[PDB]
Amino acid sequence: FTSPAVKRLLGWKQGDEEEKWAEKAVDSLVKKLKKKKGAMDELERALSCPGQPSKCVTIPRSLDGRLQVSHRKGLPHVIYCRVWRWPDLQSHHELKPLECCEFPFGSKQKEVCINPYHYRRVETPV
């Protein structure tokens, strides 16, 4: 679609503070996943082919569930579903776990699955 001149000019475009923050959040996750054998590999498979079923990609759970990245807090399944699937995701009230997920946020286990393809988008209850 896009012409080669437009792509060239877009490379000079400045990313806003939310885009800069999302890079910080991705880096935070990579430091965690690099420590687990196969984790970075499993996530990349999930992201590359959305139509094919993938395994859980989990991180440790905090007491309130929230994760802090560069002075901002959020729920990690919301954080990474915003990054790779729905940038306009409102809250956790808009997400539901698929049957394949063994560590979904809400299951109250030691680890929480952050694989964006283990959750589906729903309507927030009235």
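Numbering starts at 1 and follows the sequence shown.
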{"query": "Higher-scoring stretch by recorded Cα B factor average, 53-61 or 79-87", "finding": "53-61"}
{"query": "Comparing 21-29 with 109-117, the one whose average Cα B-factor in the PDB entry is higher", "finding": "109-117"}
{"query": "Relative C-alpha B-factor of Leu43, binned into the chain's lowest, middle or highest third", "finding": "middle"}
{"query": "Lowest, middle or highest third - CA B-factor, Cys100", "finding": "highest"}
